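K.L.:
here is my input; please provide its structure:
(one chain, ligands or ions: 1)
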Amino acid sequence: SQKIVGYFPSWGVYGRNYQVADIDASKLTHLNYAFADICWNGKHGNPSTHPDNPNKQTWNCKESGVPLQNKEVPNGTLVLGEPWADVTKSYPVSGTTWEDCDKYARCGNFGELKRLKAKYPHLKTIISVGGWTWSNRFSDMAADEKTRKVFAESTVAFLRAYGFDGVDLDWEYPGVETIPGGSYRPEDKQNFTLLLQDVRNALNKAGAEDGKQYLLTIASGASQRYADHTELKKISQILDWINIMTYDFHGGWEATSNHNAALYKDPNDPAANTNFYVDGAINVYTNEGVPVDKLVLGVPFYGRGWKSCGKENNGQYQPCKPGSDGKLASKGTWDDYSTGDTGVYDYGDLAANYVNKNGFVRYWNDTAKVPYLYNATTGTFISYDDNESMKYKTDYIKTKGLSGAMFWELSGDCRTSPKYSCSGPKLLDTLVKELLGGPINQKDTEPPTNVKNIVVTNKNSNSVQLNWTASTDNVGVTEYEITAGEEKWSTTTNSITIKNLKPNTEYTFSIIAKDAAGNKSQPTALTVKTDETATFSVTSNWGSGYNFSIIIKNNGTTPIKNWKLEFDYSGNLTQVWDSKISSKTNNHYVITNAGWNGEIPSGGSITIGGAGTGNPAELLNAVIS
Ligand SMILES: [Ca+2]
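P.N.:
Numbering: from 1, shown residues only. Below is the structure:
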């Protein structure tokens, strides 16, 4: 079974004019969204003004229009890369109010992804973090137990809030300096493993609460050097899979012409012995102990170009000279006065304007199995991938036993765009035909999330009114079924009124959420007695047990010293913090202080916490004495 994981660039929605709606998600199993960032000292971004940093800008993390970030944000927090594009921008006919986008971050690209998953109900969404520009703080965050925890907890909250199915870590690169000013340490090797364990544990906890199986992945470096600075074998066992970046092996940072993503060893390549080609890199990974089913092969939807390059061997493996601007790289598709020359071409741009056009001639290396363009007149050389080379790579994926293909990125395929119109065959259709056999046409298999925070809104001798937090689904939640002994009820909203009940009777109500395809959540329950200050709240809940909280308010004309809470609860409580359980009889409970919780002022509140087993009930007949 094969995977197709596509990268969506946040910034594609501006000049490149590639919107979420444009995406045909029948051709994907997974969509990675690039990028989110790490908060540090109240800002995020990379402030380095070194020339290898393409985005020398930082932003404050505190954002009044984003509920999760409407506060002083602590160090290590996962934060939105660009709030306007990510959650603030309003999209026409989406159903969003002004308040939803303006103060609740329910709009933007994340809103569009929610609509996309509904349209294509097999699709799983991942938030990618870091990347080349925003990897400056991973080392700092991973070096301390406290910032690893903050990061892992923020990741779980991010996923829940904005509807992602997992997180992808793109740390470029542990223990090595990429952009001067960025943090990196040798202990990054042990600390990268600790971070992934800390994230995985957090995701497992939350997946049990939520009824989801959350995914964890990384994007890793295709070199022995990356292997030498990480514990690949260990991390392969923690992750769902590894997106190996088997591209950018060579480009306009070097003075010899070469291939961006060569598949096999070409001995005629001066750099053959560095293993900077696909099969070399896979051999590096397998030799480290990485199972080949844990690798998803990266492929590029772009090419790389040098501006002035020697004429022998049709431009291949020749010396290159810089231009008037001092750079070796040619003027790529999206390059302008502010970017300078980056040598990066969308495949679309190449196919519409460069392949056997404008003086560029296509040649084929039948050893490396990749194409390249050379213009004898200008001296410009371009390494790229096409449908022919893509078909060789899909054959490799199937023969070597890799588990899929990842590609960078969605907007670079043959499309019509503000700067080119390509009408020829699409790289992505090659990946689909070759790895899946054809577009995916599957039904919803993803169940809705578990019901939470069941409360009794009102109670009667013969009736009860229940409310709960609405569950979520990828397509939508159609109804809730409530059971108690022999009886059954249902509702299309997250509340119900139940009538015709025996007075002074104990009932245990189990609630599950359904979707249209017929999936369902796992039951959650609450115990209620019909009729004839301490407020009890449930902080976290898996099936078997839950964490709780009690706030004790003093409405007194005196201070409360050595307080003792007495109440009855038709349920079992196991552990209490900031408190001790004095006694129990027929679900009646006596609780006492921890000695430094003795004093509660009149109008003051003492807050204590505990855990329980089974399902929650209602704290009743409470007294403070
Ligand atoms: Ca579903």
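
K.L.:
residue 202 falls within a helix, correct?
P.N.:
Yes: counting by DSSP: H, G, I helix; E, B strand; the rest coil, residue 202 is located in a helix.

K.L.:
what about the closest residue to it other than its chain neighbours, which SS state?
P.N.:
Leaving aside its sequence neighbours, residue 202 sits nearest to residue 152 (C-beta to C-beta, 6 or more residues apart in numbering; 3.9 Å). In this view, the C-beta of every residue, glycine as well, is placed from N, C-alpha and C. Put simply, residue 152 is helix when judged by three-state DSSP.

K.L.:
how near is residue 152 to residue 188?
P.N.:
Taking C-beta to C-beta, to the nearest Å as the measure, residue 152 falls 17 Å from residue 188.

K.L.:
and if you look at residue 194?
P.N.:
10 Å.

K.L.:
next, count neighbours for the residue nearest to residue 202.
P.N.:
23 (other C-beta atoms under 10 Å).

K.L.:
between residue 194 and residue 188, what contacts are shared?
P.N.:
residue 142 (C-beta atoms under 8 Å, 6 or more residues apart in numbering).

K.L.:
if you count surrounding residues, which of those two has more?
P.N.:
When residue 194 and residue 188 are compared for neighbours, residue 188 comes out ahead with 22 against 14, by other C-beta under 10 Å.

K.L.:
so that one makes contact with residue 172?
P.N.:
No: at 11.7 Å, residue 188 does not count as touching residue 172 under the criterion of C-beta atoms under 8 Å.

K.L.:
the residue nearest to residue 202 against residue 204, yeah?
P.N.:
No: judged on C-beta under 8 Å, residue 152 makes no contact with residue 204 at a distance of 10.8 Å.

K.L.:
mind listing the helices for the stretch 1-150 of the chain?
P.N.:
83, 98-103, 108-119, 138-142, 145-162 (DSSP state H, counting those that start in this stretch).

K.L.:
deepest of those, which one?
P.N.:
The highest average neighbour count among the helices of the stretch 1-150 of the chain, using mean count of other C-beta atoms under 10 Å, belongs to helix 138-142 at a mean of 23.

K.L.:
who touches that helix?
P.N.:
38, 40, 75-76, 130, 147-148, 151, 169, 171, 174, 182-185, 188, 191-192, 194-195.

K.L.:
so which of the residues you listed sit within strands?
P.N.:
38, 130, 169, 171 (DSSP state E).

K.L.:
how close does the closest residue to residue 542 other than its chain neighbours sit to the ion?
P.N.:
Excluding its sequence neighbours, the residue lying closest to residue 542 (C-beta to C-beta, 6+ apart) is residue 208, at 4.6 Å. Here residue 208 is placed at a distance of 18 Å from the ion (C-beta to the ion, to the nearest Å).

K.L.:
now the helix or strand encompassing residue 208: how far from the chain's centre is it?
P.N.:
Taking DSSP states H and E as the definition, residue 208 sits inside helix 188-210. Remark: helix 188-210 is offset 13 Å from the chain centroid, using C-alpha atoms, centre = their mean, to the nearest Å.

K.L.:
list the contacts for residue 371?
P.N.:
362-365, 384-386, 388-389 are the contacts of residue 371 under C-beta under 8 Å, 6+ apart.

K.L.:
in the sheet, who's paired with it?
P.N.:
Per DSSP bridges, the residues bridged to residue 371 are residue 364.

K.L.:
ok, the one 4 residues further on next?
P.N.:
In this structure, residue 375 has beta-bridge partners residue 360, where bridges are defined by DSSP bridges.

K.L.:
what number of residues are in the vicinity of it?
P.N.:
19.

K.L.:
domains in this protein, by residue range?
P.N.:
The record assigns the chain these domain ranges, following automatic domain parsing: 3-307+383-435, 447-520, 533-625.

K.L.:
now do the end-to-end distance for the longest one.
P.N.:
Looking back up the chat, that one is domain 3-307+383-435. 8 Å (C-alpha to C-alpha, to the nearest Å).

K.L.:
got the buried residues for stretch 356-368?
P.N.:
For stretch 356-368, a neighbour-count test (16 or more other C-beta atoms under 10 Å) marks 360, 362, 365, 368 as buried.

K.L.:
ok, and what's touching that stretch?
P.N.:
259, 262-269, 277, 314, 316, 354-355, 370-378, 380, 382, 388.

K.L.:
now, which of those residues lie close to the ion?
P.N.:
Among the contacts of stretch 356-368, no residue lies close to the ion (C-beta under 5 Å from the ion).

K.L.:
can you flag the buried ones in those?
P.N.:
Counted by 16+ other C-beta under 10 Å, the contacts of stretch 356-368 give 259, 262-266, 269, 277, 316, 354-355, 370-375, 380, 382 as buried.

K.L.:
in strands, which of those fall?
P.N.:
Per DSSP E, those map to strands at 370-375, 382.

K.L.:
tell me the one of those nearest the ion?
P.N.:
residue 370 (41.1 Å; C-beta to the ion).
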